[PDB]
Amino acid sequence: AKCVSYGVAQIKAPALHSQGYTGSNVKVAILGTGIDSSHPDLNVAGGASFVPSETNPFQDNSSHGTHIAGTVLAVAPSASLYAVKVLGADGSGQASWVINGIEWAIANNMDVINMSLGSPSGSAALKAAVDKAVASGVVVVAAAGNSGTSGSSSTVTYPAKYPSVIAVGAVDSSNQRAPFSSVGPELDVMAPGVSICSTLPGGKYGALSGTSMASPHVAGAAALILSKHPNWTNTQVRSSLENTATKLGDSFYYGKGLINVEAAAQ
């Protein structure tokens, strides 16, 4: 990755890189606003758009998909990226579009799905789609939400709120929970999500913040893990990440804590 970001080191990805593991032969679907395939540092292997007003998945008129894609590659430089456009330029999309993108990912034999997106409500159909993906062997990772806290209530968004999906909250460089990061018993793990520098459309770079930024660290970590252990099931990859996380505090706020890909891939 051409923009330096602390998050890669924080999750202990360089340790895998030094072992020789970079996520080769792992197909990662980036479900979001598209990916700018013209960026010189991003190669996109395939994709599809489900946003009727924005028909090209290989451009990104938001910036977030491009950024996220870059973070997956910063963590897993050999991963194969697929651009699955389910949100428009303003970051919004319809439930059905998301589901369409999930279906696409299952049909095209994705290894990992990253969903840096959320709604305060889901649907039985969305639950069925993610549960089908998990039954099919896909590692399914989602941003936990940017709804902060709500007393004792969970503020984790869908689809992260569904049990079959790995729900990823955001910490800063000091492992403190970001003020925006959603909370609740559905949180699984945390990853860097504050001022993360990555690729932007038009050959640019810059920092963004959000649980959107934390999710691709975990998607990239899953790619690293699968490169070292291509026979592990999605269940085993998930267990590896959760069981070896660095505990940070109360699980309502932090889940199992910060992912440690070095430990997870042992």
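All residue numbers refer to positions in the sequence shown, first residue = 1.
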| query | finding |
| --- | --- |
| Of 88-96 and 184-192, the stretch whose C-alpha atoms average the higher B-factor in the entry | 88-96 |
| Of 32-40 and 215-223, the stretch whose C-alpha atoms average the higher B-factor in the entry | 32-40 |
| Identity of residue with top Cα B-factor, from 151, 159, 148, 169 | 151 |
| Among 165, 83, 125, 74 - the residue whose C-alpha B-factor is largest in the record | 125 |
| Ranked against its chain, the third holding the CA B-factor of residue 67 | lowest |
| Chain third (lowest, middle, highest) by recorded CA B-factor, residue given as residue 114 | lowest |
| Residue 50 - which third its CA temperature factor falls in, relative to the rest of the chain | lowest |
| Modelled-residue ranking by C-alpha temperature factor, third containing residue 135 | highest |
| Chain-relative CA temperature factor third for residue 178 | middle |
